[PDB]
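Here's a solo chain for you in structure tokens, the form deposited in one PDB entry.
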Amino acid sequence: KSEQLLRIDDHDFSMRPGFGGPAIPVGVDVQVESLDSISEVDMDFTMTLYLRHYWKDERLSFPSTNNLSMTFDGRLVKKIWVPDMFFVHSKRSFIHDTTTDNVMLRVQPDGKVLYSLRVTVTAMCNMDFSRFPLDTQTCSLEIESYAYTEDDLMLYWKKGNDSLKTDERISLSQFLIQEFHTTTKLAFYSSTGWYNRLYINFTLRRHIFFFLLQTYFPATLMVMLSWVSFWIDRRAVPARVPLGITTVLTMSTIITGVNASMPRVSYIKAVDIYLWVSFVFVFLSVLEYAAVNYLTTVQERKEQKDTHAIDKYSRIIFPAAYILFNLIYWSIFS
């Protein structure tokens, strides 16, 4: 029996190695396999990865006439001491178990141990949509010991920044992913003390040009279309009136359709400001002709008892104001 080469019943494996003395160092490496999904309304993401641990325990040393190591599956985990890592700020997680538990232990003759398992985790990520669609988001995954303070267990990245590897074809459908790196920081709990925490950081971006074509283009086109009435004969009322009202209807169907396709986030974003300002422009172009038609009728009635000046000024004033608004908007939102 291989479990008799390790004197399992001769030691108390409910206490850590080096109990009573300096803290035992534990090194960690991570390999990220994929990014599975992201939820903008609930503000979280899901990832699948491999987690590896490295430490030394003299109680597991065994004699050997060679330098070969012994390998075990997850059934041995319940008989020895192992570190208790958990994921901070997570919502759910599980360990894969097909066709059996995805766990491995390798023991060197001198007592060095490698501990490897495959896991899937869902973690929270606070997001800010004020600058949508030109927003940038930063996310992280955090690892910590549940019950051991820094006086008993010292947790660190085994090879610094070389301890993190990512798959060559990692991707998300609606985002671009960049800038993976690691950091560390100490955390304080009033109930028990100080703990060391490890982080994995990355950044997300959208495809701007899609949103530009999809949203900003049609609104600008309809605003330019509403200016055509300034060049039409003012005597053609049955042509001037339906044009304006139909332009208003069209802008409304555009805005409704654009709403239906964005994530349901109930506060003001940049693209709403652009859309609503454009709608106000279309509205004012209808009031302009109402004033022209009333003044012309008044003059004709007075007389019985050429281009109007308002059209001449509007032809210049409307585009300049729209250009100025665009300059200010794009200087503010980049």
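Think of the rigid core as the biggest set of C-alphas that the two forms share within 1.5 Å after superposition. Only residues modelled in both forms are compared. From 1 onward, residues are counted along the sequence shown.
Here the subject shifts to the form deposited in another entry, a form of this protein not shown in this document.
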property: Displaced residue between this form and the one not shown, judged on C-alpha after the rigid core is fitted, out of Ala123, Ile254, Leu198, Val113 (threshold 2 Å or more); result: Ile254
property: Rigid core fit then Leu155 CA moved by 2 Å or more between this form and the one not shown; result: no
property: Core-aligned C-alpha movement of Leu141 between this form and the one not shown, 2 Å or more; result: no
property: Threshold 2 Å Cα movement between this form and the one not shown at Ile317, rigid core reference; result: yes
property: Runs in sequence order between this form and the one not shown, three or more residues long, with CA shifts of 2 Å or more on the rigid core; result: 5 to 7, 68 to 70, 208 to 268, 299 to 301, 306 to 334
